[PDB]
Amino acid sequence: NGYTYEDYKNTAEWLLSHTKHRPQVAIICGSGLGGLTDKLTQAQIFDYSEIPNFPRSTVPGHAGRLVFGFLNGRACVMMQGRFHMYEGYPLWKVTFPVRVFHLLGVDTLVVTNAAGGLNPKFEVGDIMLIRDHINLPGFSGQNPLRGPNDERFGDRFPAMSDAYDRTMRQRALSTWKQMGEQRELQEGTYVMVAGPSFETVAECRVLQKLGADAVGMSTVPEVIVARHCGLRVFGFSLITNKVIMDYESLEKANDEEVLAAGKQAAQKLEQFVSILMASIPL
């Protein structure tokens, strides 16, 4: 790990003295969900590039900012553009923000992302709550906590079986009910793979057999660091496509479809998240 405890500290204090805002909830916007930033009131923007110690967003479009503000009553801090392992970032960089949030006083982390559907029940457009995850990179050593543990953040061997707040998932199925929507709110297990290339049919079948419902290339690391911090964690995935699971189909997963689906489900997610805010304690 390239960061010493002071680095997280100095980044937090810098932000703390450059904004009057004091967030309680940190929200990480996945692919094609960055719109959530518009609904914040008294919004103060910070380009990642100007924040001390932040991973310099190489070239995904150079768009990477930390937006502070109020979202339906709660003091939020949003990450528009997140860091992925496939871009070359070691996991201690990918999750650097999460530890900064903790030192800012945040106690809740909402993670969202796009993901391919492994469960045949799911359909494009669907929203899947994350009940659990399978951290494939983690089994091999790519775990954000690898390296000496710092007591100031958490214990050496944190547990993950209760990573996704049982309360928030219930208060979420409620919100969806109140919202009264056609499709029911899905719920399942998210499996993380490093990417960046898409899975093959044989790989899709492996992920299904392992019991995964959706597949992505992020989230799990942030969740692990969050939990190690004591943060409350809630998250969901937007099924932007159904992974090819048979050799006959002449269809291929592509970033166009993923962003396209993110486009149509845009406001649908903004509402859900915005309303869900009120359901977060304090």
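Numbering starts at 1 and follows the sequence shown.
Student: Mind pulling up the entry and telling me whether 250-258 or 229-237 has the higher mean Cα temperature factor?
Tutor: Of 229-237 and 250-258, the stretch with the higher C-alpha B-factor average is 250-258.
Student: Tell me which stretch has the larger mean Cα B-factor in this entry, 192-200 or 74-82.
Tutor: Here the higher of the two C-alpha B-factor means belongs to 74-82.
Student: Whose C-alpha has the highest temperature factor in the PDB entry: 97, 211, 154, 180?
Tutor: Comparing C-alpha B-factors across 97, 211, 154, 180, the maximum falls on 180.
Student: Kindly indicate the residue among 170, 108, 135, 112 with the greatest C-alpha B-factor in the PDB record.
Tutor: Checking the PDB record, the top C-alpha B-factor among 170, 108, 135, 112 is at 170.
Student: Rank-wise, by C-alpha B-factor, drop residue 60 into the lowest, middle or highest third of its chain.
Tutor: Tercile = highest for this residue's CA B-factor.
Student: Using the B-factor values recorded in the entry, state whether the Cα atom of residue 164 falls in the lowest, middle or highest third among the modelled residues of its chain.
Tutor: It falls in the middle third of the chain.
Student: Would you check the entry's CA temperature factor for residue 91 and let me know if it's in the chain's lowest, middle or highest third?
Tutor: Lowest third.
Student: By its CA B factor, does residue 130 count among the lowest, middle or highest third of the modelled residues in the chain?
Tutor: For residue 130, the deposited C-alpha B-factor lands in the middle third.
Student: Thinking about Cα B factors across the chain, which third does residue 158 belong to?
Tutor: Its C-alpha B-factor belongs to the lowest third of this chain's values.
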